[PDB]
>>> print(open('work.cif').read())   # mmCIF, C-alpha atoms and all ligand atoms
data_start
loop_
_atom_site.label_atom_id
_atom_site.label_comp_id
_atom_site.auth_asym_id
_atom_site.auth_seq_id
_atom_site.Cartn_x
_atom_site.Cartn_y
_atom_site.Cartn_z
CA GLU A 1 124.75 124.84 83.63
CA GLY A 2 125.95 127.62 85.91
CA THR A 3 125.48 131.39 86.01
CA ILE A 4 125.75 134.18 88.59
CA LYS A 5 123.64 137.34 88.80
CA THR A 6 124.82 140.54 90.45
CA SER A 7 122.80 143.25 88.75
CA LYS A 8 120.55 144.94 91.32
CA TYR A 9 118.03 145.24 88.47
CA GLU A 10 117.94 141.62 87.32
CA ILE A 11 117.60 140.65 90.95
CA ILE A 12 114.43 142.59 91.85
CA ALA A 13 113.02 142.01 88.37
CA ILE A 14 113.41 138.33 89.19
CA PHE A 15 111.98 138.63 92.70
CA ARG A 16 108.81 140.03 91.18
CA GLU A 17 108.21 137.68 88.26
CA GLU A 18 108.26 135.05 91.00
CA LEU A 19 106.02 136.90 93.47
CA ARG A 20 103.55 137.39 90.66
CA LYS A 21 103.97 133.81 89.43
CA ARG A 22 103.42 132.62 93.06
CA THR A 23 106.35 130.25 92.85
CA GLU A 24 107.65 128.11 95.70
CA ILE A 25 110.51 129.34 97.87
CA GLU A 26 112.34 126.88 100.09
CA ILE A 27 114.05 128.02 103.31
CA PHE A 28 116.79 126.07 105.11
CA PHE A 29 117.31 126.04 108.87
CA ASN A 30 117.18 123.86 111.98
CA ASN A 31 117.74 120.62 110.12
CA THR A 32 114.95 120.39 107.54
CA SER A 33 113.72 122.86 104.91
CA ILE A 34 110.38 124.64 104.60
CA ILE A 35 108.62 125.42 101.34
CA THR A 36 106.37 128.45 100.90
CA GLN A 37 105.79 131.61 98.90
CA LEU A 38 106.77 135.26 98.69
CA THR A 39 104.15 137.72 99.92
CA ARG A 40 105.93 141.07 99.48
CA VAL A 41 108.93 142.48 97.62
CA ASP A 42 110.34 146.01 97.73
CA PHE A 43 113.59 147.83 96.97
CA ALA A 44 115.46 146.30 99.91
CA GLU A 45 113.37 143.46 101.28
CA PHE A 46 111.22 140.47 100.46
CA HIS A 47 108.74 138.83 102.81
CA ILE A 48 107.50 135.34 103.58
CA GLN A 49 105.14 133.96 106.19
CA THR A 50 105.47 130.76 108.20
CA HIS A 51 104.36 129.60 111.65
CA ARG A 52 107.84 128.20 112.36
CA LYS A 53 110.76 130.18 113.82
CA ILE A 54 114.17 131.04 112.36
CA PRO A 55 117.71 131.72 113.75
CA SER A 56 117.85 135.51 113.91
CA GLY A 57 121.23 137.06 113.15
CA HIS A 58 122.53 134.78 110.41
CA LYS A 59 122.52 134.54 106.62
CA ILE A 60 120.05 131.66 106.14
CA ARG A 61 119.87 129.76 102.84
CA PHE A 62 117.09 130.17 100.28
CA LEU A 63 116.24 128.51 96.99
CA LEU A 64 113.59 129.40 94.41
CA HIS A 65 111.75 126.78 92.38
CA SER A 66 111.54 128.87 89.21
CA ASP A 67 110.70 127.93 85.64
CA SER A 68 114.12 129.33 84.76
CA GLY A 69 115.84 126.72 86.92
CA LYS A 70 117.13 126.54 90.49
CA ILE A 71 117.88 129.96 91.94
CA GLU A 72 120.05 129.90 95.08
CA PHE A 73 121.08 132.69 97.44
CA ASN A 74 121.68 133.67 101.07
CA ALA A 75 120.01 136.49 102.98
CA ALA A 76 119.72 137.61 106.59
CA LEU A 77 116.52 138.01 108.59
CA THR A 78 115.88 141.71 109.16
CA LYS A 79 112.43 141.89 110.76
CA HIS A 80 109.90 139.54 112.34
CA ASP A 81 106.30 140.24 113.46
CA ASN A 82 103.97 138.10 115.58
CA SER A 83 100.18 138.17 115.20
CA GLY A 84 96.95 136.20 114.85
CA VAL A 85 95.15 133.74 117.11
CA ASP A 86 96.40 131.24 114.55
CA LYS A 87 100.10 132.04 114.76
CA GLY A 88 101.54 133.02 111.40
CA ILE A 89 104.85 134.83 111.69
CA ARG A 90 106.07 137.55 109.30
CA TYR A 91 109.76 137.58 108.40
CA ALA A 92 111.34 140.38 106.36
CA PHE A 93 114.72 139.61 104.80
CA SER A 94 117.24 141.62 102.82
CA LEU A 95 117.73 141.30 99.07
CA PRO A 96 120.82 139.26 98.15
CA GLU A 97 123.39 141.07 96.02
CA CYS A 98 124.32 137.65 94.71
CA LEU A 99 122.13 134.98 93.13
CA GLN A 100 122.93 131.78 91.28
CA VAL A 101 120.89 130.14 88.55
CA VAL A 102 121.26 126.47 87.69
CA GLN A 103 119.30 124.68 84.97
CA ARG A 104 120.56 121.29 83.82
CA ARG A 105 117.36 119.78 82.47
CA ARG A 106 116.98 119.31 78.73
CA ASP A 107 113.29 118.47 79.20
CA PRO A 108 110.56 120.57 80.86
CA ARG A 109 108.86 118.78 83.77
CA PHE A 110 105.06 119.10 83.71
CA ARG A 111 103.41 119.58 87.10
CA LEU A 112 100.31 117.54 88.00
CA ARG A 113 97.23 119.03 89.68
CA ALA A 114 93.85 118.11 91.16
CA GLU A 115 92.33 117.07 87.82
CA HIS A 116 95.10 114.49 87.43
CA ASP A 117 94.67 111.28 89.49
CA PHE A 118 97.99 109.91 88.27
CA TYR A 119 99.56 107.01 90.13
CA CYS A 120 102.57 104.79 89.89
CA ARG A 121 102.15 101.31 91.24
CA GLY A 122 104.14 98.10 91.69
CA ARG A 123 105.45 95.27 93.85
CA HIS A 124 108.89 95.28 95.48
CA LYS A 125 111.08 92.16 95.62
CA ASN A 126 109.78 91.16 99.05
CA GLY A 127 106.32 90.89 97.50
CA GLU A 128 104.81 94.06 98.92
CA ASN A 129 102.84 96.61 96.89
CA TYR A 130 103.54 100.30 96.48
CA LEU A 131 101.33 103.06 95.09
CA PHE A 132 102.82 106.49 94.60
CA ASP A 133 101.13 109.68 93.48
CA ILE A 134 102.91 111.25 90.50
CA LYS A 135 103.96 114.85 91.27
CA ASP A 136 105.47 115.88 87.95
CA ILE A 137 106.34 114.07 84.75
CA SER A 138 108.56 114.43 81.66
CA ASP A 139 109.67 112.47 78.60
CA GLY A 140 112.49 110.94 80.62
CA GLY A 141 110.88 110.20 83.96
CA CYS A 142 108.76 111.36 86.87
CA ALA A 143 108.86 112.63 90.42
CA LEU A 144 106.75 110.39 92.69
CA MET A 145 105.08 110.96 96.09
CA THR A 146 104.49 108.90 99.24
CA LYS A 147 104.18 109.32 103.01
CA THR A 148 105.23 105.75 103.63
CA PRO A 149 107.95 104.50 101.28
CA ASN A 150 110.03 101.38 101.79
CA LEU A 151 113.29 103.32 102.00
CA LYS A 152 115.12 100.03 101.63
CA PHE A 153 114.45 99.39 97.93
CA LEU A 154 114.84 103.05 97.03
CA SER A 155 118.63 103.10 96.94
CA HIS A 156 120.46 105.33 94.44
CA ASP A 157 120.21 103.66 91.02
CA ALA A 158 117.92 100.98 92.46
CA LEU A 159 115.28 100.03 89.94
CA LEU A 160 111.56 99.38 90.25
CA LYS A 161 111.06 96.69 87.62
CA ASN A 162 107.69 96.25 85.89
CA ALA A 163 106.26 99.38 87.41
CA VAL A 164 102.95 100.57 85.95
CA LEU A 165 102.15 104.19 85.23
CA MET A 166 98.42 104.63 85.82
CA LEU A 167 97.80 107.78 83.80
CA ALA A 168 94.00 107.89 84.13
CA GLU A 169 92.29 108.88 80.88
CA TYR A 170 95.55 108.19 79.02
CA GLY A 171 95.57 104.65 80.35
CA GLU A 172 98.30 102.51 81.83
CA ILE A 173 101.87 102.07 80.66
CA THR A 174 104.29 99.50 82.05
CA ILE A 175 107.76 100.91 82.62
CA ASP A 176 110.98 100.45 84.56
CA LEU A 177 112.09 103.25 86.85
CA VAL A 178 115.58 104.09 88.07
CA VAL A 179 115.68 105.87 91.41
CA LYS A 180 117.93 108.93 91.27
CA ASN A 181 117.08 110.34 94.69
CA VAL A 182 114.87 110.12 97.76
CA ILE A 183 114.12 113.28 99.68
CA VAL A 184 111.66 114.54 102.24
CA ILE A 185 109.74 117.68 101.48
CA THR A 186 107.79 120.08 103.68
CA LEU A 187 104.97 122.56 102.99
CA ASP A 188 102.76 124.51 105.41
CA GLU A 189 96.68 123.53 110.43
CA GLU A 190 98.23 121.47 107.61
CA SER A 191 102.01 121.54 108.27
CA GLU A 192 102.86 118.91 105.65
CA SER A 193 105.61 116.41 104.74
CA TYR A 194 106.02 113.58 102.20
CA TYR A 195 108.81 111.77 100.38
CA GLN A 196 109.77 112.76 96.85
CA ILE A 197 111.33 109.97 94.79
CA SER A 198 113.21 111.17 91.71
CA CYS A 199 112.81 108.71 88.87
CA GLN A 200 114.26 108.10 85.43
CA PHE A 201 112.34 106.08 82.84
CA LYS A 202 113.72 102.84 81.50
CA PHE A 203 111.50 101.97 78.56
CA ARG A 204 110.46 98.37 77.92
CA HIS A 205 109.55 98.93 74.28
CA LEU A 206 110.19 102.02 72.15
CA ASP A 207 106.57 102.85 71.39
CA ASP A 208 106.51 103.46 75.15
CA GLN A 209 108.80 106.46 74.80
CA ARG A 210 106.72 107.87 71.93
CA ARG A 211 103.34 107.29 73.58
CA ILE A 212 104.59 109.22 76.61
CA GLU A 213 105.84 112.08 74.42
CA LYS A 214 102.42 112.35 72.78
CA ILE A 215 100.64 112.13 76.14
CA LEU A 216 102.75 114.77 77.83
CA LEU A 217 102.07 116.90 74.75
CA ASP A 218 98.33 116.54 75.32
CA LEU A 219 98.73 117.61 78.93
CA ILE A 220 100.60 120.74 77.86
CA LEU A 221 97.82 121.54 75.39
CA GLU A 222 95.06 121.23 77.99
CA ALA A 223 97.26 123.34 80.24
CA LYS A 224 97.30 126.41 77.99
CA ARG A 225 93.66 125.88 77.00
CA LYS A 226 91.31 125.03 79.90
CA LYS A 227 92.55 128.15 81.69
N1 LIG A 301 119.79 113.65 91.19
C1 LIG A 301 118.58 114.28 90.66
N2 LIG A 301 117.62 114.78 91.61
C2 LIG A 301 116.36 115.42 91.19
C3 LIG A 301 116.06 115.55 89.87
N3 LIG A 301 114.87 116.17 89.81
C4 LIG A 301 114.44 116.41 91.10
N4 LIG A 301 115.40 115.93 91.93
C5 LIG A 301 115.25 116.00 93.36
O1 LIG A 301 114.04 116.32 93.73
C6 LIG A 301 114.14 117.50 94.66
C7 LIG A 301 113.17 118.43 94.40
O2 LIG A 301 113.19 118.73 93.03
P1 LIG A 301 112.19 119.98 92.58
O3 LIG A 301 110.84 119.91 93.26
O4 LIG A 301 111.97 120.05 91.09
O5 LIG A 301 112.88 121.41 93.26
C8 LIG A 301 114.25 121.83 92.75
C9 LIG A 301 114.08 122.79 91.41
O6 LIG A 301 112.91 123.62 91.64
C10 LIG A 301 115.12 123.52 91.36
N5 LIG A 301 116.22 122.85 90.56
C11 LIG A 301 117.34 122.19 90.90
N6 LIG A 301 117.93 121.80 89.76
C12 LIG A 301 117.17 122.20 88.75
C13 LIG A 301 117.28 122.08 87.23
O7 LIG A 301 118.18 121.51 86.75
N7 LIG A 301 116.26 122.65 86.41
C14 LIG A 301 115.15 123.33 87.00
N8 LIG A 301 114.11 123.92 86.22
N9 LIG A 301 115.06 123.45 88.43
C15 LIG A 301 116.10 122.85 89.27
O8 LIG A 301 115.64 123.57 92.77
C16 LIG A 301 114.68 122.64 93.58
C17 LIG A 301 115.56 121.91 94.72
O9 LIG A 301 116.61 121.19 94.03
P2 LIG A 301 117.31 119.97 94.94
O10 LIG A 301 117.72 120.66 96.21
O11 LIG A 301 118.49 119.30 94.28
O12 LIG A 301 116.12 118.91 95.48
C18 LIG A 301 115.61 118.09 94.29
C19 LIG A 301 116.31 117.09 94.03
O13 LIG A 301 116.91 116.43 95.22
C20 LIG A 301 117.06 115.01 88.82
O14 LIG A 301 116.86 115.09 87.65
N10 LIG A 301 118.29 114.39 89.25
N1 LIG A 302 110.14 114.33 85.46
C1 LIG A 302 111.29 113.86 86.23
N2 LIG A 302 112.48 113.39 85.55
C2 LIG A 302 113.63 112.91 86.35
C3 LIG A 302 113.59 112.92 87.72
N3 LIG A 302 114.76 112.44 88.15
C4 LIG A 302 115.53 112.13 87.09
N4 LIG A 302 114.81 112.44 85.98
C5 LIG A 302 115.42 112.18 84.73
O1 LIG A 302 116.48 111.44 84.87
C6 LIG A 302 117.59 112.09 84.08
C7 LIG A 302 118.82 111.94 84.67
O2 LIG A 302 118.77 112.42 85.99
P1 LIG A 302 120.26 112.50 86.74
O3 LIG A 302 121.05 111.26 86.39
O4 LIG A 302 120.15 112.64 88.23
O5 LIG A 302 121.16 113.70 85.86
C8 LIG A 302 120.65 115.13 86.08
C9 LIG A 302 121.14 115.66 87.58
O6 LIG A 302 122.54 115.29 87.71
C10 LIG A 302 121.05 116.92 87.51
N5 LIG A 302 119.70 117.46 87.97
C11 LIG A 302 118.59 117.78 87.29
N6 LIG A 302 117.68 118.22 88.16
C12 LIG A 302 118.22 118.20 89.38
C13 LIG A 302 117.69 118.60 90.76
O7 LIG A 302 116.59 119.02 90.90
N7 LIG A 302 118.53 118.47 91.91
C14 LIG A 302 119.86 117.96 91.74
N8 LIG A 302 120.69 117.82 92.89
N9 LIG A 302 120.36 117.58 90.42
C15 LIG A 302 119.49 117.72 89.25
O8 LIG A 302 121.13 117.27 86.05
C16 LIG A 302 121.24 115.89 85.32
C17 LIG A 302 120.41 116.00 83.95
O9 LIG A 302 119.07 116.34 84.34
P2 LIG A 302 117.81 115.98 83.25
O10 LIG A 302 118.28 116.51 81.91
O11 LIG A 302 116.49 116.58 83.63
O12 LIG A 302 117.79 114.34 82.94
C18 LIG A 302 117.12 113.63 84.12
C19 LIG A 302 115.88 113.58 83.97
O13 LIG A 302 115.49 113.41 82.56
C20 LIG A 302 112.34 113.40 88.45
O14 LIG A 302 112.26 113.42 89.64
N10 LIG A 302 111.22 113.87 87.68
#
>>> encode(input="work.cif", output="structure tokens", more="lines below")
Ligand SMILES: Nc1nc2c(ncn2[C@@H]2O[C@@H]3COP(=O)(O)O[C@H]4[C@@H](O)[C@H](n5cnc6c(=O)[nH]c(N)nc65)O[C@@H]4COP(=O)(O)O[C@H]3[C@H]2O)c(=O)[nH]1
Ligand SMILES: Nc1nc2c(ncn2[C@@H]2O[C@@H]3COP(=O)(O)O[C@H]4[C@@H](O)[C@H](n5cnc6c(=O)[nH]c(N)nc65)O[C@@H]4COP(=O)(O)O[C@H]3[C@H]2O)c(=O)[nH]1
Amino acid sequence: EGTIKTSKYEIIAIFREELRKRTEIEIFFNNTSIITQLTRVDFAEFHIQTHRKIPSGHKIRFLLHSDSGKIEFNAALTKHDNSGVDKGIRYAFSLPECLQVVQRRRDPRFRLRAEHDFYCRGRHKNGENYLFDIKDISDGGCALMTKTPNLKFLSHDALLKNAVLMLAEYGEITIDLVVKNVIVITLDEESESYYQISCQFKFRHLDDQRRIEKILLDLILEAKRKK
């Protein structure tokens, strides 16, 4: 997909459904990117808080992880305050007059939490084991986690054969995964960083694809219920 938003109204309406929803905002600068949240939004500014530092005087790049899809834009630092014995800096930016929304997924990706000890586990070709945490999951694949991948066997379109989804109370399914990307991700003592592996399912049998559909359905049901 592809769509551009200009309306001053849509923009702040969007910056508030995402403040309220406490959704992740990723900021680009130096060389890496930092993930965090909005803390304030008004008629001209939005605020975030990080203990890092950012190139004043320059339109830096932002990106919102929204349920509506990827929302990209560029804004310029306007203010910055310094406080606390534990240094947490307060940056105030300007509202972009231009956004961009991209949503190319024909399947909603369910996000895993504390009550979900989901793992993916296997053995590479060299005979070494891996064990990834599952971060999210859909009918067509999953986004994995690890601090110590073997970057070698995780080449674009490389495939983890005879992997085994360990889905806890749902049991274990044996699948093939196709690696679509490998990325490093950073959150913020606790300044974090792990590798996200983007995976596409390659089903061994067909019941496999159905059993996952039913499972993911049961996760979405406990999602709306429970809380
Ligand atoms: N080739 C490929 N890579 C995947 C796929 N899913 C996840 N990735 C990778 O995993 C990174 C993080 O994905 P995310 O946490 O969902 O965080 C994403 C997501 O929140 C949002 N986004 C991007 N595209 C979409 C989309 O099509 N639909 C939705 N709902 N959000 C999107 O923007 C965030 C950053 O996007 P990226 O910079 O590209 O960084 C992406 C991207 O490199 C996939 O299906 N195919
Ligand atoms: N739960 C989960 N599923 C994954 C992941 N990576 C791939 N998949 C699955 O693999 C399919 C194909 O991914 P793609 O070839 O990169 O083909 C994708 C990709 O080109 C692009 N795309 C989607 N999300 C992202 C993203 O976050 N970042 C970037 N750069 N591209 C994305 O849109 C194409 C269609 O996206 P989908 O319909 O969602 O179809 C996706 C999706 O069903 C993952 O990390 N987690």
>>> closest_atom_pairs(input="work.cif", of="region 52-114 of chain A", to="region 18-42 of chain A", cutoff="10 Å", atoms="all atoms listed in the file", output="JSON lines")
{"residue": "A:52", "atom": "CA", "partner": "A:34", "partner_atom": "CA", "distance": 8.9}
{"residue": "A:53", "atom": "CA", "partner": "A:30", "partner_atom": "CA", "distance": 9.2}
{"residue": "A:54", "atom": "CA", "partner": "A:29", "partner_atom": "CA", "distance": 6.9}
{"residue": "A:55", "atom": "CA", "partner": "A:29", "partner_atom": "CA", "distance": 7.5}
{"residue": "A:60", "atom": "CA", "partner": "A:28", "partner_atom": "CA", "distance": 6.6}
{"residue": "A:61", "atom": "CA", "partner": "A:28", "partner_atom": "CA", "distance": 5.3}
{"residue": "A:62", "atom": "CA", "partner": "A:27", "partner_atom": "CA", "distance": 4.8}
{"residue": "A:63", "atom": "CA", "partner": "A:26", "partner_atom": "CA", "distance": 5.2}
{"residue": "A:64", "atom": "CA", "partner": "A:25", "partner_atom": "CA", "distance": 4.6}
{"residue": "A:65", "atom": "CA", "partner": "A:24", "partner_atom": "CA", "distance": 5.4}
{"residue": "A:66", "atom": "CA", "partner": "A:23", "partner_atom": "CA", "distance": 6.5}
{"residue": "A:67", "atom": "CA", "partner": "A:23", "partner_atom": "CA", "distance": 8.7}
{"residue": "A:71", "atom": "CA", "partner": "A:25", "partner_atom": "CA", "distance": 9.5}
{"residue": "A:72", "atom": "CA", "partner": "A:26", "partner_atom": "CA", "distance": 9.7}
{"residue": "A:74", "atom": "CA", "partner": "A:27", "partner_atom": "CA", "distance": 9.8}
{"residue": "A:90", "atom": "CA", "partner": "A:39", "partner_atom": "CA", "distance": 9.6}
{"residue": "A:92", "atom": "CA", "partner": "A:40", "partner_atom": "CA", "distance": 8.8}
{"residue": "A:93", "atom": "CA", "partner": "A:41", "partner_atom": "CA", "distance": 9.7}
{"residue": "A:94", "atom": "CA", "partner": "A:42", "partner_atom": "CA", "distance": 9.6}
{"residue": "A:95", "atom": "CA", "partner": "A:42", "partner_atom": "CA", "distance": 8.9}
>>> residues_near_ligand(input="work.cif", ligand="ligand LIG 301 (chain A)", cutoff="9 Å", atoms="all atoms listed in the file", output="ChimeraX atom specification")
/A:1,24-26,63-72,101-109,135-136,141-143,156,179-185,196-200
>>> closest_residue(input="work.cif", among="A:134, A:140, A:129, A:178", to="residue 154 (chain A)", atoms="only C-alpha atoms")
A:178
>>> closest_residue(input="work.cif", among="A:118, A:45, A:170, A:186", to="residue 147 (chain A)", atoms="only C-alpha atoms")
A:186
>>> closest_residue(input="work.cif", among="A:191, A:126, A:138, A:7", to="ligand LIG 302 (chain A)", atoms="only C-alpha atoms and all ligand atoms")
A:138
>>> closest_residue(input="work.cif", among="A:127, A:47, A:59, A:139", to="ligand LIG 302 (chain A)", atoms="all atoms listed in the file")
A:139
>>> atom_distance(input="work.cif", atom1="CA of residue 110 (chain A)", atom2="CA of residue 137 (chain A)")
5.3 Å
>>> axis_aligned_box(input="work.cif", around="ligand LIG 302 (chain A)", padding_each_side="6 Å", output="AutoDock Vina command-line options")
--center_x 116.3 --center_y 115.1 --center_z 87.4 --size_x 24.4 --size_y 19.8 --size_z 23.0
>>> closest_residue(input="work.cif", among="A:169, A:10, A:97, A:157", to="ligand LIG 302 (chain A)", atoms="all atoms listed in the file")
A:157
>>> decode(input="work.cif", residues="region 85-115 of chain A", atoms="N, CA and C atoms", output="PDB file, in the first residue's frame")
ATOM      1  N   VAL A  85      18.986  12.768  38.605  1.00  0.00           N
ATOM      2  CA  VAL A  85      20.255  12.143  38.961  1.00  0.00           C
ATOM      3  C   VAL A  85      20.492  10.980  38.006  1.00  0.00           C
ATOM      4  N   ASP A  86      19.403  10.313  37.639  1.00  0.00           N
ATOM      5  CA  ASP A  86      19.412   9.341  36.556  1.00  0.00           C
ATOM      6  C   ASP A  86      19.014  10.091  35.290  1.00  0.00           C
ATOM      7  N   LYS A  87      19.995  10.357  34.436  1.00  0.00           N
ATOM      8  CA  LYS A  87      19.792  11.265  33.315  1.00  0.00           C
ATOM      9  C   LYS A  87      18.770  10.747  32.308  1.00  0.00           C
ATOM     10  N   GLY A  88      17.627  11.420  32.251  1.00  0.00           N
ATOM     11  CA  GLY A  88      16.631  11.173  31.227  1.00  0.00           C
ATOM     12  C   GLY A  88      16.312  12.487  30.553  1.00  0.00           C
ATOM     13  N   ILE A  89      16.645  12.598  29.272  1.00  0.00           N
ATOM     14  CA  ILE A  89      16.541  13.880  28.577  1.00  0.00           C
ATOM     15  C   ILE A  89      15.173  14.071  27.910  1.00  0.00           C
ATOM     16  N   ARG A  90      14.714  15.315  27.841  1.00  0.00           N
ATOM     17  CA  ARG A  90      13.376  15.607  27.330  1.00  0.00           C
ATOM     18  C   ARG A  90      13.395  16.428  26.042  1.00  0.00           C
ATOM     19  N   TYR A  91      13.119  15.764  24.922  1.00  0.00           N
ATOM     20  CA  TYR A  91      13.157  16.413  23.617  1.00  0.00           C
ATOM     21  C   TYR A  91      11.752  16.773  23.128  1.00  0.00           C
ATOM     22  N   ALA A  92      11.581  18.013  22.683  1.00  0.00           N
ATOM     23  CA  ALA A  92      10.305  18.470  22.146  1.00  0.00           C
ATOM     24  C   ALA A  92      10.461  18.774  20.664  1.00  0.00           C
ATOM     25  N   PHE A  93       9.735  18.048  19.825  1.00  0.00           N
ATOM     26  CA  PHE A  93       9.843  18.224  18.385  1.00  0.00           C
ATOM     27  C   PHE A  93       8.655  18.991  17.826  1.00  0.00           C
ATOM     28  N   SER A  94       8.690  19.267  16.531  1.00  0.00           N
ATOM     29  CA  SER A  94       7.566  19.919  15.882  1.00  0.00           C
ATOM     30  C   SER A  94       6.731  18.883  15.143  1.00  0.00           C
ATOM     31  N   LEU A  95       5.430  19.126  15.060  1.00  0.00           N
ATOM     32  CA  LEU A  95       4.541  18.256  14.311  1.00  0.00           C
ATOM     33  C   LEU A  95       4.829  18.334  12.818  1.00  0.00           C
ATOM     34  N   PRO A  96       5.040  17.175  12.188  1.00  0.00           N
ATOM     35  CA  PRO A  96       5.179  17.096  10.735  1.00  0.00           C
ATOM     36  C   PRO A  96       3.898  17.544  10.045  1.00  0.00           C
ATOM     37  N   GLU A  97       4.029  18.225   8.914  1.00  0.00           N
ATOM     38  CA  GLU A  97       2.876  18.575   8.098  1.00  0.00           C
ATOM     39  C   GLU A  97       2.630  17.439   7.114  1.00  0.00           C
ATOM     40  N   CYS A  98       3.544  16.480   7.111  1.00  0.00           N
ATOM     41  CA  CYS A  98       3.502  15.396   6.151  1.00  0.00           C
ATOM     42  C   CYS A  98       3.796  14.077   6.846  1.00  0.00           C
ATOM     43  N   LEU A  99       2.855  13.143   6.741  1.00  0.00           N
ATOM     44  CA  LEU A  99       3.052  11.774   7.206  1.00  0.00           C
ATOM     45  C   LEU A  99       3.043  10.829   6.017  1.00  0.00           C
ATOM     46  N   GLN A 100       3.262   9.549   6.287  1.00  0.00           N
ATOM     47  CA  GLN A 100       3.076   8.519   5.278  1.00  0.00           C
ATOM     48  C   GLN A 100       2.688   7.219   5.957  1.00  0.00           C
ATOM     49  N   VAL A 101       1.632   6.590   5.468  1.00  0.00           N
ATOM     50  CA  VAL A 101       1.164   5.364   6.085  1.00  0.00           C
ATOM     51  C   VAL A 101       1.314   4.202   5.122  1.00  0.00           C
ATOM     52  N   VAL A 102       2.000   3.156   5.567  1.00  0.00           N
ATOM     53  CA  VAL A 102       2.212   1.975   4.741  1.00  0.00           C
ATOM     54  C   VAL A 102       1.779   0.711   5.477  1.00  0.00           C
ATOM     55  N   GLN A 103       0.899  -0.057   4.848  1.00  0.00           N
ATOM     56  CA  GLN A 103       0.388  -1.282   5.443  1.00  0.00           C
ATOM     57  C   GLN A 103       0.232  -2.325   4.344  1.00  0.00           C
ATOM     58  N   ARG A 104       1.126  -3.305   4.334  1.00  0.00           N
ATOM     59  CA  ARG A 104       1.190  -4.264   3.243  1.00  0.00           C
ATOM     60  C   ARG A 104       0.887  -5.676   3.718  1.00  0.00           C
ATOM     61  N   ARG A 105       0.509  -5.805   4.984  1.00  0.00           N
ATOM     62  CA  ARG A 105       0.232  -7.118   5.554  1.00  0.00           C
ATOM     63  C   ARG A 105      -1.236  -7.507   5.436  1.00  0.00           C
ATOM     64  N   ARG A 106      -1.487  -8.685   4.887  1.00  0.00           N
ATOM     65  CA  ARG A 106      -2.851  -9.169   4.760  1.00  0.00           C
ATOM     66  C   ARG A 106      -3.194 -10.134   5.900  1.00  0.00           C
ATOM     67  N   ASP A 107      -2.438 -10.020   6.988  1.00  0.00           N
ATOM     68  CA  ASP A 107      -2.617 -10.842   8.181  1.00  0.00           C
ATOM     69  C   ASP A 107      -2.132 -10.077   9.406  1.00  0.00           C
ATOM     70  N   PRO A 108      -2.994  -9.929  10.419  1.00  0.00           N
ATOM     71  CA  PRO A 108      -2.589  -9.218  11.639  1.00  0.00           C
ATOM     72  C   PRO A 108      -1.594 -10.033  12.470  1.00  0.00           C
ATOM     73  N   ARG A 109      -0.491  -9.406  12.869  1.00  0.00           N
ATOM     74  CA  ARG A 109       0.512 -10.089  13.679  1.00  0.00           C
ATOM     75  C   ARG A 109       0.256  -9.898  15.181  1.00  0.00           C
ATOM     76  N   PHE A 110      -0.038 -11.007  15.858  1.00  0.00           N
ATOM     77  CA  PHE A 110      -0.282 -11.018  17.293  1.00  0.00           C
ATOM     78  C   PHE A 110       1.000 -10.913  18.109  1.00  0.00           C
ATOM     79  N   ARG A 111       0.991 -10.021  19.090  1.00  0.00           N
ATOM     80  CA  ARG A 111       2.178  -9.733  19.886  1.00  0.00           C
ATOM     81  C   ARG A 111       2.204 -10.537  21.186  1.00  0.00           C
ATOM     82  N   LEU A 112       3.316 -11.219  21.442  1.00  0.00           N
ATOM     83  CA  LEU A 112       3.444 -12.074  22.622  1.00  0.00           C
ATOM     84  C   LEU A 112       3.936 -11.333  23.868  1.00  0.00           C
ATOM     85  N   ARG A 113       3.430 -11.743  25.030  1.00  0.00           N
ATOM     86  CA  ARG A 113       3.724 -11.069  26.290  1.00  0.00           C
ATOM     87  C   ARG A 113       4.299 -12.009  27.344  1.00  0.00           C
ATOM     88  N   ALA A 114       4.327 -11.545  28.589  1.00  0.00           N
ATOM     89  CA  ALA A 114       4.915 -12.309  29.683  1.00  0.00           C
ATOM     90  C   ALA A 114       4.302 -13.701  29.811  1.00  0.00           C
ATOM     91  N   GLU A 115       2.974 -13.770  29.784  1.00  0.00           N
ATOM     92  CA  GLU A 115       2.267 -15.039  29.952  1.00  0.00           C
ATOM     93  C   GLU A 115       2.412 -15.972  28.745  1.00  0.00           C
TER      94      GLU A 115
END
